[PDB]
Amino acid sequence: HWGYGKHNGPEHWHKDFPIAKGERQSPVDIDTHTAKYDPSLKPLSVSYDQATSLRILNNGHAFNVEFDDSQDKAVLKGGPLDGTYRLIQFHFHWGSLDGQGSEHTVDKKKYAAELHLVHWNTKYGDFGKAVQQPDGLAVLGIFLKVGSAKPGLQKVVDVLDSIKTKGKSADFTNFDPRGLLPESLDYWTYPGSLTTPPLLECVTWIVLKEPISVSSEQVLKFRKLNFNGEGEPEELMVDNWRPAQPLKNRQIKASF
Ligand SMILES: O[n+]1ccccc1S
Ligand SMILES: [Zn+2]
């Protein structure tokens, strides 16, 4: 029964998921004066031209926009990565107020939200096998700040009313995730974990330096979602973010 409240939030997760206190937990604070440029990093390649979205689901924690990952249609390669990583879903974490919401922080700065584009390493055949491997996933993290509207997010915003409560889904075909990307692909990378239970330590994190801007009306529609199921008392889906975790013996590298 994990969640984001007092009684079931991040400080409780370690009881059911002891890896919460592990050596490679995410998110982390990115100290820009400690992260070092790595000339060994190869160019990052985001190839989303043939992406095939299918559906959007409120899972009681966030919403997932799901993709057809039965073939190499939307892949992430290059940068720190060896091989090919297939896009399976994206989701966001966000706050109740514009001053909080992101999971990663940059010199302790919190953004209003954070987008996670989740990809799995095709050498392991499926997502479920990939998450049991230290290089099984690659998550592209993108910060959201409140300013101008993001045209490419509006199709997402406008379907949320149809998936207000936990367990609801809606058809969501022909959504282009390229429209959620900032101009620059300058990034930081480090080894980490899923930021939700089961908190598996399988992720190569790639966190873009340049945030995207979204409008206050857009993020306000995120905040109208519900953690609860239909017919239950309303608990707004806000502050579904885990705070920064100890860096331990890890290196954050910069691509720039
Ligand atoms: O929050 N989250 C859920 C699933 C896979 C990755 C991540 S970051
Ligand atoms: Zn996430």
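This text goes with the structure placed above it.
Numbers attached to residues count from 1 within each chain as its sequence is written and can disagree with those in the entry; no residue without coordinates is shown. Chains carry letters from A onward and ligands carry numbers from 1 onward, assigned in written order. Hydrogens and waters are ignored; side-chain quantities use all the structure's heavy atoms. Residues with missing side-chain atoms are left out of burial classes, side-chain pairs and their counts.

**Q** In this structure, what is going on with the overall build of the protein? I would like to understand it.
**A** Assigned secondary structure in the protein consists of 3 helices and 15 strands. Using C-alpha atoms as the atom set, the radius of gyration is obtained and then compared with a globule rule of 2.2 Å times the number of residues to the power 0.38. For 256 residues, the compact-globule formula gives about 18 Å, and the C-alpha radius of gyration of the protein, at 17 Å, lands near that figure. If one aligns the C-alpha atoms of the protein with their principal axes, the spans along those axes are about 50 × 40 × 40 Å. Within the protein, contacts between residues separated by at least 24 positions form 71% of all contacts whose residues are at least 6 apart in sequence. Per the convention used, a helix needs a DSSP run of H or I reaching at least four residues, while a strand needs a run of E reaching at least two, with both numbered from the N terminus. Contacts: residue pairs with any heavy atoms within 4.5 Å of one another.

**Q** Please clarify how the pattern of salt bridges should be interpreted in this entry.
**A** Two side chains bearing opposite charge may form a pair once their charged atoms approach each other closely. Salt bridge, as used here: a side-chain nitrogen of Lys or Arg that lies within 4 Å of a carboxyl oxygen of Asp or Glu. Applying the stated criterion across every chain yields a total of 7 salt bridges. With its nearest N and O atoms 3.5 Å apart, the salt bridge here joins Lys164 to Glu234. Here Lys164, found in the loop between α2 (154–157) and β11 (169–171), pairs with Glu234, found in the loop between α3 (216–222) and β15 (253–254); they are 70 residues apart in sequence, far enough to count as distant. Since its relative accessible area comes to 38%, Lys164 is described here as partly exposed. Note on exposure labels: buried denotes an accessible area under 20% of the residue type's maximum, exposed denotes more than 50%, and partly exposed covers the range between, all computed with a 1.4 Å probe on protein chains only.

**Q** Would you mind showing me how to read the coordination of the zinc ion (ligand 2) here?
**A** Geometry sets the ideal angles at a metal, namely 109.5 degrees for four tetrahedral donors and 90 or 180 degrees for six octahedral donors. Metal donors were taken as nitrogen, oxygen and sulfur atoms no farther than 2.8 Å from the ion, or 3.2 Å where the ion is Na, K or Ca. Water is excluded, so coordination may look unfinished. Protein ligation of the zinc ion (ligand 2) involves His91 (NE2), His93 (NE2) and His116 (ND1), the donor distances falling in the range 2.0 to 2.1 Å. Motif for the zinc ion (ligand 2), donor spacing along one chain: H-x1-H-x22-H. By relative accessible area, which is 2% here, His93 ends up buried.

**Q** Even after reading the chapter, I still don't get the nonpolar core, so can you show me in this structure?
**A** Nonpolar side chains tend toward joint burial in soluble globular proteins. Among the nonpolar cores identified, the biggest contains 47 residues, and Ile56, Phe63, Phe90, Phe92, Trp94, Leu140 and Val156 are the most heavily contacted of them. For this core, the secondary structure elements donating two or more residues are β5 (63–67), β7 (85–94), β9 (113–121), β10 (137–146), α2, β13 (203–208) and β14 (212–214). In terms of residue count, the dominant contributor to this core is β7 (5 residues). Those residues within four positions of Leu140 in sequence are excluded, and the remaining contacts are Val46, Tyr48, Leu76, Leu115, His116, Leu117, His119, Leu181, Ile206 and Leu208. Within this scheme, the nonpolar core is defined by two criteria: the residues are buried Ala, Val, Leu, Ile, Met, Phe, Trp, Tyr or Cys, and they are joined through side-chain atoms within 4.5 Å. Core analysis: the second largest hydrophobic core is formed by 22 residues, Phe143, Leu194, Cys202 and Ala254 among them.

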